[PDB]
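Novice: structure for the following, please:
(chains A, B, C, D, E and F, ligands or ions: 2)
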Amino acid sequence: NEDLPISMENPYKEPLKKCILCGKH
Amino acid sequence: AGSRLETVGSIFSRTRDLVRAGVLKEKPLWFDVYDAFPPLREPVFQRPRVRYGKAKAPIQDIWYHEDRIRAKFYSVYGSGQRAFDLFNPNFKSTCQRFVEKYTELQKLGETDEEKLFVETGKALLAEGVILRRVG
Amino acid sequence: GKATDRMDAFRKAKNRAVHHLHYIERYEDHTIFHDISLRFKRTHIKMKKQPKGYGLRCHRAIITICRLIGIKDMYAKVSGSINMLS
Amino acid sequence: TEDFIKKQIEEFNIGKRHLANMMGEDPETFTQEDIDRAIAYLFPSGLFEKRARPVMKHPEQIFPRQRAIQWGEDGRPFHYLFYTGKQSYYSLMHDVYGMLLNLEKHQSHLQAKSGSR
Amino acid sequence: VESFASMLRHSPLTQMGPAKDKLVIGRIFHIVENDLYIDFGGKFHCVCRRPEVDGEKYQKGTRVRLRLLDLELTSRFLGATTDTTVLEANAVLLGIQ
Amino acid sequence: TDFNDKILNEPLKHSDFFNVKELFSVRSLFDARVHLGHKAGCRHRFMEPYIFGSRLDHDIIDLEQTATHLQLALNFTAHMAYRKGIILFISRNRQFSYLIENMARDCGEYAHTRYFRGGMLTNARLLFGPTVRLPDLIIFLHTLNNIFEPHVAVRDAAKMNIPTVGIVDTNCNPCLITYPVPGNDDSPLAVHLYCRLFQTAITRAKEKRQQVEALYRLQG
Ligand SMILES: [Zn+2]
Ligand SMILES: [Zn+2]
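Specialist: Residues are numbered from 1 along each chain as shown, chains lettered A, B, ... in the order given. Ligands and ions are numbered 1, 2, ... in the order given. Shown next is the protein structure:
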């Protein structure tokens, strides 16, 4: 009842790998 | 015999219509068991299709809030030294000990997540389990 | 039913056709329940309900097999491709 | 066709009796090798193929084996794997994989409880 | 009192989250001549090979230690409408207990 | 001739003539790992009414109506063996092929887990003989054959006017499967839960078959 899953935004999601020159100019 | 057209309808439908038309002079056994005790869905033949366009699947994702607690627990500590025994029904690992202590500390009312995390580390150190954080 | 001689092909068609069967429920044992307008790949078959004195205003194959179902009273206009199998 | 096998075995037996009678021996001693000698002398075929001979033998080599009926009057198959068609070969394969499985079980439990063609 | 959502809210597979490099114990139920089959729970099993260290120690019934790579290892290919599975999970072996 | 009529008329009037509610629970199905599933990339469209949800792209069967499915599934089977049904365990999977072939043996029935040779169900009339009683009920444990396609006996048996009560996966296709149950069919704990269950359903049916035969010869 209260153990029903609740639709949320997907944890354990790895942060996406930028390239090696990404924040550089 | 009778029909071999599996695409006309369900097998109960064709057998019913065929014995009711009376060419069949003998009623089969599973027919009586079928109309006596019916299934939930009639098993009538369907060609499958393919989703095209903005249609998606109505099968949801299964999450909990304790999964979000396990998220930061795994980002810090990784897996604890207790290897999982998935034959154990009540295997309460360091993730489970962490999240149970975290819930009964959210029952205190500390809104700050970091002191909840740290007091959870202190409650596990009061339990007696060595925390292997990648410092 | 396909063969090289005729009479065994006739035998084949009869013996295979008994094992492939529909049952068609007929309204008062003389006419279909409503009107039907569909096509089978090129063959717009089109049938409408008809009362008891109206005979078979049907295609010759439709005349024959509607006699063999037990339908007696119907109208039918088929246009486009007139292949017997379709 | 089983009744034909009964009639053939009793005809082979009474022909053995009449061969012992015409050969002057006892029906209790007149045997198969002597049967072959006697009928081989008595009917001299001039052919090169030995299957084209005058043959009177044990008729179960003369007759092919008529197969056992797998169902009684109720129609149920007697053998468990009848509905694969190849019942005997697959039954034998099942038994041999069972012998190999209990042999592997014996090797593991042996570590646990310690010309021809 | 015990519902269905109750059985799998705190079930161990929901407890451990994603199977990216987690320690798991698993046992042996079948061996063919080079290979041992490691039934660690979940849907399928994984197969691995005898290391030379503790060679006849890895026998039928022993527990081992697994690193738990992903649980099924399927991938849709170029022109297939559905991905093909392997019925395996294929984790990395460590040692015993 | 009415005693035979009465001996089969009586069990048609109760939802459990053999009381099969007790033969499993939802706890044992969860504790035999039936609720897990394949990848959601291999998820099939007809399974969307028989799936609880997705756990990190692993698909979970709604185990509540699974029991309700299995209630009528066991009800169908044990009513059939009461009336002397021929039950065919067709299970084309080479991981439990040895297990099932003795399950039909020690329940007195039949099984075909081997390679399906061609005109088996359809052209029975010369593959086996002129008069041959075909199976009146065919149980599937794995509806996928070893190439991950619908096994042809699924398409063949319903074509032969014979009902099929299968174990259907989360990647199968339960279209001509009359009494499907959404369950895992891959783990050895799950198929052993099945192989104990159908073994019980036949055997509980057969002893209540023999007692009512003794009930006719009780009075006469
Ligand atoms: Zn970039
Ligand atoms: Zn299957």
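
Novice: which one is the residue in chain C that chain E sits nearest to nearest to, not counting chain neighbours?
Specialist: Residue nearest to chain E within chain C (CB to the nearest CB): residue C:41, separated by 24.6 Å. Every C-beta, even on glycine, is put in place using the N, C-alpha and C of the backbone. Nearest residue to residue C:41, sequence neighbours excluded (CB to CB, 6 or more residues apart in numbering or on different chains): residue C:86, at 6.2 Å.

Novice: what's the burial count for that neighbour?
Specialist: As a burial measure, residue C:86 scores 13 neighbours (other CB atoms under 10 Å in any protein chain shown).

Novice: can you check residue D:54 too?
Specialist: The burial count for residue D:54: 10, using other CB under 10 Å.

Novice: check contacts around it.
Specialist: Residues in contact with residue D:54 (CB atoms under 8 Å, 6 or more residues apart in numbering or on different chains) are D:39-40, D:42-43, D:45.

Novice: three-state assignment of it?
Specialist: Following DSSP: H, G, I helix; E, B strand; the rest coil, we place residue D:54 in the coil state.

Novice: and it, how far from chain A?
Specialist: According to CB to the nearest CB, to the nearest Å, residue D:54 and chain A sit 88 Å apart.

Novice: that residue and ligand 2, how far apart?
Specialist: 61 Å (CB to the ion, to the nearest Å).

Novice: tell me, how many residues neighbour the closest residue to chain D within chain F?
Specialist: Closest to chain D within chain F is residue F:133: 3.6 Å, counting by CB to the nearest CB. By other CB under 10 Å, the residues close to residue F:133 number 13.

Novice: of the contacts of residue D:54 - the most surrounded one?
Specialist: The most crowded member of these, judged by other CB under 10 Å, is residue D:39 (16 neighbours).

Novice: for the helix or strand it falls within, packing partners?
Specialist: Using DSSP states H and E, residue D:39 sits in helix D:32-42. Judged by 3 or more CB pairs under 8 Å, 6 or more residues apart in numbering or on different chains; DSSP states H and E, the packing partners of helix D:32-42 are helix D:2-22.

Novice: ok, and what's touching the helix it packs on?
Specialist: Counting by CB under 8 Å, 6+ apart, D:26-27, D:29-30, D:35, D:38-39, D:56-60, D:62-63, D:66 sit against helix D:2-22.

Novice: what angle separates that helix from helix D:32-42?
Specialist: Per axes from the mean of the first three to the mean of the last three CA atoms, to 10 degrees, the angle that helix D:2-22 makes with helix D:32-42 is 70 degrees.

Novice: and helix D:2-22, what's buried?
Specialist: D:16, D:19-20 (16 or more other CB atoms under 10 Å in any protein chain shown).

Novice: tell me the centre residue of chain F?
Specialist: residue F:139 (3.6 Å; CA atoms, centre = their mean).

Novice: ok, and what's touching stretch F:70-77?
Specialist: Contacts for stretch F:70-77 (CB under 8 Å, 6+ apart): B:30, B:33-34, B:37-40, F:15-16, F:20-21, F:23-24, F:85, F:87, F:137, F:139, F:163, F:165, F:179, F:181, F:197-198, F:201-202, F:205.

Novice: all helices of chain B, in order?
Specialist: For chain B, the helices defined by DSSP state H occupy B:11-20, B:29-36, B:65-76, B:94-106, B:113-127.

Novice: doesn't residue F:90 fall inside a strand?
Specialist: Yes - judged by three-state DSSP, residue F:90 forms part of a strand.

Novice: what does stretch B:57-66 contact?
Specialist: Residues contacting stretch B:57-66 (CB under 8 Å, 6+ apart): A:5-8, A:10-11, B:51, B:99, B:103, E:9-10, E:14, F:40, F:43, F:48, F:51-55, F:59-60.

Novice: just the ones of those in helices?
Specialist: Per DSSP H, the subset of the contacts of stretch B:57-66 in helices is B:99, B:103, E:9, E:14.

Novice: and the longest strand seen in chain E, C-alpha only, in CSV?
Specialist: With secondary structure taken from DSSP state E, chain E has its longest strand at strand E:24-32. Listed next in CSV are the C-alpha coordinates belonging to strand E:24-32 (Å, rounded to 0.1, in the frame of the first residue of the first chain):
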residue,chain,number,x,y,z
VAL,E,24,28.3,-11.4,-4.1
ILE,E,25,28.7,-15.0,-2.9
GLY,E,26,27.5,-17.8,-5.2
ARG,E,27,27.6,-21.6,-5.3
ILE,E,28,28.4,-24.4,-7.8
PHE,E,29,25.7,-26.7,-9.2
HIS,E,30,27.2,-27.8,-12.5
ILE,E,31,30.7,-28.4,-13.9
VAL,E,32,31.7,-29.4,-17.4
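
Novice: near chain F at all, it?
Specialist: Yes - with CB under 8 Å from any CB of the partner chain as the criterion, chain F is reached by strand E:24-32 at residue E:29.

Novice: check which element follows that strand along the chain.
Specialist: Next along the chain after strand E:24-32, taking DSSP H and E as the criterion, comes strand E:35-39.

Novice: could you list the buried residues of the helix or strand following that following strand?
Specialist: Note on strand E:35-39: by DSSP H and E, the next helix or strand toward the C-terminus is strand E:46-49. Using 16+ other CB under 10 Å as the test for burial, strand E:46-49 gives E:46-48.

Novice: how much space separates the one residue sitting closest to the centre of chain A from chain F?
Specialist: When CA atoms, centre = their mean is applied to chain A, the residue found nearest the centroid is residue A:13 (3.5 Å). Residue A:13 sits 10 Å away from chain F, going by CB to the nearest CB.

Novice: doesn't that residue belong to a strand?
Specialist: No - under three-state DSSP, residue A:13 falls outside any strand and is assigned coil.

Novice: and stretch B:97-116, how far out from the chain's middle?
Specialist: 27 Å (CA atoms, centre = their mean, to the nearest Å).

Novice: check whether it contacts chain A.
Specialist: No - under the criterion of CB under 8 Å from any CB, stretch B:97-116 makes no contact with chain A; the nearest approach is 12.6 Å.

Novice: can you pull the contacts of residue F:69?
Specialist: With CB under 8 Å, 6+ apart, residue F:69 has these contacts: B:40, F:179-182.

Novice: apologies, that question was intended for residue C:45.
Specialist: Residues near residue C:45 by CB under 8 Å, 6+ apart: C:36-39, C:76, C:78.

Novice: returning to that earlier point: select only the buried ones of the contacts of helix D:2-22 in ChimeraX?
Specialist: Remark: buried members of the contacts of helix D:2-22, expressed as a ChimeraX selection using 16+ other CB under 10 Å:
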select /D:30,35,38,39,56,59
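
Novice: just list the residues touching the spatially closest residue to residue E:85 that is not a sequence neighbour, thanks.
Specialist: Sequence neighbours aside, residue E:74 is the residue nearest to residue E:85 in space, at 4.7 Å (criterion: CB to CB, 6+ apart). By CB under 8 Å, 6+ apart, the contact set of residue E:74 is E:83-86, F:38-39, F:41-42.
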